[PDB]
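Enquirer: coords below, sequence missing:
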RNA sequence: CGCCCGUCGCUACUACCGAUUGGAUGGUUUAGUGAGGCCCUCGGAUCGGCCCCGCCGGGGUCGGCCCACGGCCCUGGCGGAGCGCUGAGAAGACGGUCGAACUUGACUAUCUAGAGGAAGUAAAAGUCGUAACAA
RNA sequence: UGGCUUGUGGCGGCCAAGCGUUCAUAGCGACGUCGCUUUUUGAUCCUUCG
RNA sequence: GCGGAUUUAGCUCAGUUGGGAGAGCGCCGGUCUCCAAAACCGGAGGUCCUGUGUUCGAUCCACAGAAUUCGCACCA
RNA sequence: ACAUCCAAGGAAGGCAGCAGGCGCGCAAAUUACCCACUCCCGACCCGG
RNA sequence: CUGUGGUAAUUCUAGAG
RNA sequence: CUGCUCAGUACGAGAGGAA
RNA sequence: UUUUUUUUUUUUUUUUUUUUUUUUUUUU
Ligand SMILES: *C(=O)[C@@H](N)Cc1ccccc1
């Protein structure tokens, strides 16, 4: 049964965690006694409507504020697939976390509230339906399902006109991003009631498409590049009684087996795999797509962090002394010059990088040079630029390992530009 | 031949006059230094202070005050190589060791009984010559 | 125009002294309290065997043509079912020695905080006087 | 104690050169001037040593 | 992960409310000397840590980074 | 005296035995293969 | 050993033949 | 006076935060 | 028998940093 990684994305409060939680529940992955206890705890803290969300949101600050802060990973299994599902935050402060999530994903569920004002807000200039869609594209997610959520809400009440309104807006925007919009399901659901999650909903007779589970089965599994050299960007590092220090991350390329000797770049520390675990099931090998924790003998937690990359010793992950990229500028309030230093979000990493030169401005559609060494770039421009990371950074050429070779540029907490790396000068 | 005990007792007691023997005899070695008799102690560079040489010799000597790990006590330490200052940064882990038998510092040095040999769990020789590390 | 002494002013580091009846640590502990097992006076949820009586079934003898029947010995079933006596036997419980642990203090051994007071040592030279070396 | 008076104490007030980044008064006000007050203190000797 | 401080001359620190910085040592240099010490003159020295926003103008504010620090959270 | 999971009711534990995690530091390994050897333990085999 | 049972959970374990 | 809903709301670029 | 012998201080504190250089047979 093929495995897939699913990221759940969308604007703050639109219903991401409630969807995932409620889906896991009616699919029977969550103990009724636990759902009962969560509900009681939720009511007693003034937050009844967070009972499904609190399956995913566990941190003290998440519960206090009623928001997701960082990623949660859950295994569930449909008729055709086994999914690792990744719950991502909508809050603008934590889009860096959502991005690491997208970097690990094969497909995305975009959760979009149909409630009056909630939709418009998410799709507004500085909204996260807009931003998350953009970032998901740049991190290389092609398969997308959209859950038009909260159909149950009184200000919505299962209205097909409201639904078709959000669908059309979403379609015009998504097509401008390069999505193949004709192929993607727009399912009207209620993460809270359950409508169209797993079974079909009587409240919405006018809807003929897949339910969300059906839409999942209609996805297609991605290429498994087992013959390219091992690369595992670390998403987090735990220190675990019995195991020791265990990096977690999704195997992008190559294969990893217990016994293997592995190196973590850019620090250059080397350890040896004691064990491998996916969703609490011990493994002996892990292949691309596997989202795993791997115990490492001889490595201290302080040696390694998120955004580090693990490969085998003979073909270690490339550390960029500098690198070259083709970029498009989504948004900027003035202009970008040589010297501009946004943070680069690539795979699980995020490191400020200085533009040391702008070799050429390109026509954004054709790719031809329109000017050698432009005096600056502005919103709407495309370019070939050189980048020097402020601290050691791992990147690969897009042509070689695309999952370590696509990136976003962010500055003053906004997404400014997008990029693919066309060349790397190794450290 | 029957007076053996006096000579036996006399020897051990007169022996107390040997200070090094005395040093082993009294639990002093364990408590006379921050180490506890230990050859090496990991530490942190609290500050870097330049110091002046003693007597006719005139020089600026590189000196570091170090906070020890288990001990938690102030230490006066000597920086050894030429431009080690360029390579010594505040709060980088440092391993320290002593000079020629415990007691007195090199005659040129003032109040330092300790030597700095590691930076960030890296030996000094490597930073000092270009071929090794940077 | 040689050596040489001490107070006094900087700067640093050791050790001595110390209002707080000073704080911290670990060992032996006086006394008051006392879990818990165990020996031991009991108790007695409960179980079985024989005691007495009546009724039938079956083996062996005696008084009866019988057959039922009665007596002895041995079992099966029912009532006074436990009503008479016996044995092992859980909860509990008398009084104990052992004796955790609690508290209250002791006491050693082992470090330690502090306004100030007082030496020294780095000690090259600032400032006062000539003590010692040539009666 | 009480009492005249209010220097001293306390409080408002006319004028607006200034603060208040632009501007005087939103919020404050030099100087200069009008006063209210009798829980401070002061001066006065009127009532109380028969 | 979150949140606070701090970063200004070779050194150590002061300023500030956006018109753009200021002192103590320094240390160096010269005179005297074998050379210093003392003495006496002389030195002009800062992307105000960085990007962006705002603005006519950003050392200063806002928003974002780095580095150092200090709280707090998380806990394979 | 530590301290693990709590369906709120309870239930456990003594890795100073191999491995393996942490801690501690100046300072010491791997979550392996096996009864073939040396023995030993159970009853007349050949288990462990 | 049959069957009949209770508990989040442990080498839990009743009652009945 | 305090709490529960009012409500992490309107108003904010946030910090925040009502009635 | 042969020898003393007075005199005595009226007035002299101090002197910065650093100082230096050494090694052998064999005769032509
Ligand atoms: C260890 O649990 C990982 N395999 C799963 C995980 C838990 C917490 C944080 C990160 C990863």
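Expert: That came through fine. Numbering: from 1, shown residues only, chains lettered A, B, ... in the order given.
Enquirer: In the stretch 51-200 of chain A, what residue comes closest to RNA strand F?
Expert: When you check the stretch 51-200 of chain A against RNA strand F by CB to the nearest atom of the strand, the closest residue turns out to be residue A:58, at 12.1 Å. From N, CA and C alone the C-beta is placed, and that goes for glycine too.
Enquirer: Tell me the spacing between that residue and residue A:64.
Expert: 12 Å (CB to CB, to the nearest Å).
Enquirer: same thing with residue A:316?
Expert: As for residue A:316, its distance to residue A:64 is 42 Å (criterion: CB to CB).
Enquirer: do the same with residue B:50
Expert: Noted for residue B:50: a distance of 51 Å to residue A:64, by CB to CB.
Enquirer: How many neighbouring residues does residue B:67 have?
Expert: For residue B:67, the neighbour count with other CB atoms under 10 Å in any protein chain shown is 14.
Enquirer: so what's it closest to, chain neighbours aside?
Expert: residue B:44 (4.7 Å; CB to CB, 6 or more residues apart in numbering or on different chains).
Enquirer: quick one: the helix or strand that contains the one you found near RNA strand E?
Expert: Using DSSP states H and E, residue B:44 falls within strand B:40-52. No - for a cut-off given as CB under 7 Å from any atom of the strand, strand B:40-52 has no contacts with RNA strand E; the smallest distance is 7.6 Å.
Enquirer: what residues are up against residue 34?
Expert: Using chain A. Neighbour list for residue A:34: residue A:55 [criterion: CB atoms under 8 Å, 6 or more residues apart in numbering or on different chains].
Enquirer: if you could check chain B rather than the one you did, that'd help
Expert: Contacts of residue B:34 by CB under 8 Å, 6+ apart are B:41, B:68, B:71, B:73, B:75.
Enquirer: Also near RNA strand F: which of those, exactly?
Expert: B:41, B:68.
Enquirer: how about JSON lines for the contacts of residue B:34, with distance to RNA strand C, secondary structure and neighbour count added?
Expert: Supplementary listing: those in JSON lines, determined by distance: CB to the nearest atom of the strand, whole Å; DSSP: H, G, I helix; E, B strand; the rest coil; neighbours: other CB atoms under 10 Å in any protein chain shown:
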{"residue": "B:41", "distance to RNA strand C": "16", "secondary structure": "strand", "neighbour count": "22"}
{"residue": "B:68", "distance to RNA strand C": "14", "secondary structure": "strand", "neighbour count": "17"}
{"residue": "B:71", "distance to RNA strand C": "12", "secondary structure": "coil", "neighbour count": "15"}
{"residue": "B:73", "distance to RNA strand C": "9", "secondary structure": "coil", "neighbour count": "13"}
{"residue": "B:75", "distance to RNA strand C": "10", "secondary structure": "coil", "neighbour count": "22"}
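Enquirer: Next SSE downstream of the helix or strand residue B:12 falls within?
Expert: Counting by DSSP H and E, the element that carries residue B:12 is helix B:4-15. Following helix B:4-15 in sequence order, the next helix or strand is helix B:19-25 (DSSP H and E).
Enquirer: As a check, name the ranges of all strands in the stretch 151-300 of chain A.
Expert: Along the stretch 151-300 of chain A, the stretches classed as strands by DSSP state E, counting those that start in this stretch are A:186-188, A:232-233, A:236-240, A:244-250, A:256-257, A:261-265, A:269-278, A:281-283, A:285-286, A:291-297.
Enquirer: The first one: partners in the sheet, and parallel or antiparallel?
Expert: The strands beside strand A:186-188 in its sheet (DSSP bridges) come out as strand A:143-149 (parallel).
Enquirer: Show me the contact partners of the strand it pairs with.
Expert: A:14-15, A:19, A:106-114, A:136, A:163, A:166-167, A:170, A:179, A:184-191, A:212, A:215-216, A:219-220.
Enquirer: Could you do stretch A:58-70 as well?
Expert: Here stretch A:58-70 makes contact (CB under 8 Å, 6+ apart) with A:12-13, A:16-17, A:45, A:47, A:50, A:53-54, A:56-57, A:72, A:87-91, A:94, A:97.
Enquirer: Give the pairing partners of whichever strand or helix holds residue A:85; include direction for each.
Expert: Following DSSP H and E, one finds residue A:85 within strand A:82-87. In the sheet, strand A:82-87 lines up against strand A:3-9 (parallel), strand A:72-77 (antiparallel) (DSSP bridges).
Enquirer: remind me, longest helix of chain A?
Expert: Ranked by residue count under DSSP state H, the longest helix found in chain A is helix A:160-177.
Enquirer: Report the inter-axis angle for it versus strand A:143-149.
Expert: Angle, helix A:160-177 to strand A:143-149, by axes from the mean of the first three to the mean of the last three CA atoms, to 10 degrees: 150 degrees.
Enquirer: Just list what helix A:160-177 packs against, helices and strands only.
Expert: On a contact count with 3 or more CB pairs under 8 Å, 6 or more residues apart in numbering or on different chains; DSSP states H and E, helix A:160-177 meets helix A:128-138, strand A:143-149, strand A:186-188.
Enquirer: So what pairs up with residue A:74 in the strands?
Expert: Beta-bridge partners, per DSSP bridges, of residue A:74: residue A:85.
Enquirer: So which residues on the stretch 51-200 of chain A come close to RNA strand E?
Expert: Residues of the stretch 51-200 of chain A lying near RNA strand E (CB under 7 Å from any atom of the strand): A:58-61, A:69, A:93.
Enquirer: Phi first, then psi, for the residue of the stretch 151-300 of chain A found nearest RNA strand C.
Expert: Ranked by CB to the nearest atom of the strand, the top residue of the stretch 151-300 of chain A for proximity to RNA strand C is residue A:241, at 26.4 Å. Geometry field for residue A:241 lists phi and psi as phi -60, psi 120, criterion degrees, to the nearest 10.
Enquirer: Could you measure from it over to residue A:299?
Expert: Separation of residue A:241 from residue A:299 (CB to CB): 16 Å.
Enquirer: Looking at these two, which one has more neighbours?
Expert: residue A:299 (23 against 5).
Enquirer: Spit out the contact partners of the residue nearest to that one when sequence neighbours are not counted.
Expert: The spatially closest residue to residue A:299, leaving aside those adjacent along the chain, is residue A:271, at 3.7 Å (CB to CB, 6+ apart). Counting by CB under 8 Å, 6+ apart, residue A:271 makes contact with A:261-262, A:264, A:296-299.
Enquirer: And for residue B:54?
Expert: B:107-110.
Enquirer: Look up the residues forming beta bridges with the residue of the stretch 101-250 of chain A found nearest RNA strand F.
Expert: Scanning the stretch 101-250 of chain A for the residue nearest RNA strand F gives residue A:244, at 3.2 Å (criterion: CB to the nearest atom of the strand). Beta bridges link residue A:244 to residue A:240 when assigned by DSSP bridges.
Enquirer: Pretty sure it sits against residue A:297.
Expert: Yes - counting by CB atoms under 8 Å, residue A:297 is a contact partner of residue A:244 at 6.7 Å.
Enquirer: intersection of neighbour lists for those two?
Expert: residue A:274.
Enquirer: Select only the buried ones of the contacts of strand A:143-149 in PyMOL?
Expert: To isolate the buried ones among those in PyMOL, judged by 16 or more other CB atoms under 10 Å in any protein chain shown, type:
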select buried, chain A and resi 14+15+19+106+107+108+109+110+111+112+113+114+136+163+166+167+170+179+184+185+186+187+188+189+190+191+212+215+216+219
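Enquirer: near RNA strand C too, which of the contacts of strand A:143-149?
Expert: Among those, RNA strand C is touched by none when using CB under 7 Å from any atom of the strand.
Enquirer: re earlier: the ligand versus the residue of the stretch 101-250 of chain A closest to RNA strand F, what's the distance?
Expert: Between residue A:244 and the ligand the distance is 12 Å, computed by CB to the nearest ligand atom, to the nearest Å.
Enquirer: Contact partners for that residue?
Expert: Going by CB under 8 Å, 6+ apart, residue A:244 touches A:274, A:295-297, A:299.
Enquirer: What about the residue in the stretch 301-427 of chain A that RNA strand E sits nearest to, how many residues nearby?
Expert: Going by CB to the nearest atom of the strand, RNA strand E is nearest to residue A:334 of the stretch 301-427 of chain A, at 2.3 Å. Residues lying near residue A:334 (other CB under 10 Å) number 8.
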